[PDB]
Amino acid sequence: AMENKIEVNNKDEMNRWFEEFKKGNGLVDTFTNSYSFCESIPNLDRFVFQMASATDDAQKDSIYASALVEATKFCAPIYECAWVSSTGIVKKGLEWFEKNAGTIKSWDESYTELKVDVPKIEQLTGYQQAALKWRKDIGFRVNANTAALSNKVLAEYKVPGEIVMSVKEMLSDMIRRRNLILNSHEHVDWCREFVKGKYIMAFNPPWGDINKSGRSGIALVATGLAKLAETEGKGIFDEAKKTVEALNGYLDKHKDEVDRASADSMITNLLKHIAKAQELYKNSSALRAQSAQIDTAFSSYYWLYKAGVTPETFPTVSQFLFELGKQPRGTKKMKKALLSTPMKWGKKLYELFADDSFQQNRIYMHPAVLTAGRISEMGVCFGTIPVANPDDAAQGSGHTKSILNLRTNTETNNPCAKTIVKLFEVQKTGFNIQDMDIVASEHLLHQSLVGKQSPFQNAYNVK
């Protein structure tokens, strides 16, 4: 039968369930934080030799897909994975959404927009907050592996020698990437016309004072300018500086019809305001970057909601994901299956892909947007265990973020970092990392470095 065979509603009902299961399967934690089917550290060494013999960039995908399955097939944290796919959490998880449309409104409303363009900062933060709330109202956390983290920094991070050479490349790259990044409407509309080069606007702002105190409690010039940079960009600040320079030129050319005291109090201000705006913009990129991380559990339940999934038909999604983790199909075929499936959720889900939709950089993609890859995000949540026939988890379905369950402590030689880095090597010798917008191995490593020990923890607050 196709019913959710994991009927659990509370931690003890889950502890009880996990008990019977473990007494039937050979779960271990010799290499995993949470009990798993992992009997040995994954060996991706051959996947490199293969990638080096790939003729077409199409089979590099396969080799890569294969390396990926090899690393996660038997690393899934069954206890926490089951909880996430339990009848209680599945019902609560989906229903929370039926009663919280308002909370997810910003980003949820503009999904079509987020589906092609960079989200506004309010939508990002609205999502991160929504995520934190949903885990709270749903009683998601049953332990650290399902907890929302409070700040953490490296106590000790031991690196197996073998990966030492490559790790640096990753870090050298990651930091290279970081630096690369670094390099009532009237206040906006005014700073829109002004930044073009119309300096005489300075003489007559709608409110009459360049320093107008400002509603926000900050000069309307600095706030309006920043909001503008949000829609038009940092280049706006250079445009803003150029206008004041031209204005510097004008007053100078007519120094005699100009009041030198008033001219200086005004030009000094505009710089204080542009500078202010620059500080705010910087703070905003910092924030946007912190809010870029997708909450695996929350987003996955979100896509479930939209796809019209219901507690009764969830097992089929679990089967679907389980089989993809078992047999790396290729993106084109999977979509083909979603289109084909008689289940209504097949096409609804399909309608969620910004795969070809996204005009800009996927790096700037909103954490609630679904793509072929982000599918692997749902896989870890419900693919590791085919809910209808749980014992079939023995076979093993590899889903990318199961690696975080790889033990990382020194006594065991950080099998988690070691296998992550081996991946980067597979990827590094197959494609150009300088060329790629996103490197999966880099994110995982960042997440592990930050201290994630499970695919189900939320790290919004760490930094």
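Residue numbers here begin at 1 and follow the sequence given.
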| query | finding |
| --- | --- |
| Interresidue gap class [residue 340, residue 341; deposited sequence, unmodelled] | none |
| Comparing 131 to 139 with 351 to 359, the one whose average Cα B-factor in the PDB entry is higher | 351 to 359 |
| Which of 267 to 275 and 366 to 374 has higher mean CA B factor, as the PDB entry lists it | 267 to 275 |
| Out of 323, 295, 98, 392, highest CA B-factor residue | 98 |
| Which of 34, 432, 66, 402 ranks first by CA B-factor in the deposited coordinates | 432 |
| For residue 2, the third of its chain into which the C-alpha B factor falls | highest |
| Chain thirds of CA B-factor: placement of residue 226 | middle |
| Residue 207, C-alpha B-factor rank within chain (lowest, middle or highest third) | highest |
| Third of the chain's Cα B-factor distribution that residue 459 belongs to, per the entry | lowest |
| Ranked C-alpha temperature factor of residue 445 among modelled chain residues, by third | lowest |
